[PDB]
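Peer 1:
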Ligand SMILES: O=C(O)c1ccccc1NS(=O)(=O)c1ccc(I)cc1
């Protein structure tokens with residue numbers, strides 16, 4: 001591939017210090033994010049292409065879904081705190097976008113319970129200051145990169161993926177171009 005700024009990626013005006021090596025932003029209300037998870041598995045394939053030991057971080061954003069959107073950001077903090085991201089990502093995505101059965105914080109709770117998280121453990125985490133901190137962290141991270149939309153990925157707080165410029169004739173080619181760009185940028 002011929003990598004060029006503005007094609008597969010763009011460069012931040014003011015790079016973020018102390019930024020995660022690979023940082024993804026998403027929303028459970030975000031249509032492309034649903035595809036990134038369910039059929040493209042972008043995170044898995046980026047992880048596969050990168051060396052073992054490269055930190056990948058994924059944060060949820062507020063600016064989609066109204067009142068429930070903020071709650072999902074807090075719910076994602078709970079998932080990060082308890083380490084059950086892989087347990088709840090699919091039922092949260094489908095609960096919002098597919099079945100539309102997630103309409104309030106109580107429905108989010110039901111999802112965690114059904115995924116095997118004990119109710120008392122969820123409630124303690126939901127109300128915890130560790131989780132409050134994680135919400136603040138997610139919000140600050142987005143502000144630091146002037147985040148305007150999702151899905152989004154940032155490499156070393158300096159480069160932003162540009163999927164719009166990649167080939168969309170074939171799902172696996174799209175994933176290959178995306179992952180290979182992340183690899184290229186990580187070595188940059
Ligand atoms: O759906 C689009 O138009 C699109 C264009 C560029 C990048 C992402 C897009 N959305 S998507 O993630 O749902 C998607 C990506 C690759 C393929 I093939 C189909 C959909």
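In the authors' numbering, the protein residues as written are 1 to 188. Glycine included, every Cβ here is placed at the ideal spot set by N, Cα and C.
1. Under the criterion of a Cβ to heavy atom distance below 7 Å, does residue 163 qualify as lining ligand 1?
2. When you compare the stretch 18-38 with the stretch 81-88, are there three or more beta-carbon pairs, one atom per stretch, that lie closer than 8 Å?
3. Opposite residue 2 in the DSSP bridges: which residues?
4. Compute every distance between the C-beta of residue 112 and the non-hydrogen atoms of ligand 1, then say whether any falls below 7 Å.
5. Under 8 Å by Cβ, that's how I've got residue 182 and residue 46 pegged, so tell me the actual separation to the nearest angstrom.
6. Taking contact to mean at least 3 C-beta pairs separated by less than 8 Å, is the stretch 125-136 in contact with the stretch 72-79?
7. Does the stretch 48-60 come into contact with the stretch 18-28, if we say contact requires no fewer than three beta-carbon pairs (one atom in each stretch) closer than 8 Å?
8. How about residue 41: is its Cβ closer than 7 Å to a heavy atom in ligand 2?
Peer 2: The short version:
1. Yes; taking the cut-off as 7 Å, the Cβ of residue 163 has a heavy atom of ligand 1 nearer than that.
2. No, because fewer than three Cβ pairs between the stretch 18-38 and the stretch 81-88 fall closer than 8 Å, the two stretches do not touch.
3. Beta-bridge annotation (DSSP): residue 2 is not paired with any residue.
4. Taking non-hydrogen atoms of ligand 1 into account, the C-beta of residue 112 is found less than 7 Å away from none of them.
5. About 5 Å separates the two Cβ atoms, so the contact holds.
6. Contact holds: three or more Cβ-Cβ distances are below 8 Å.
7. Yes: the two stretches touch, three or more of their Cβ pairs being nearer than 8 Å.
8. This structure lacks ligand 2; the ligands present are ligand 1.
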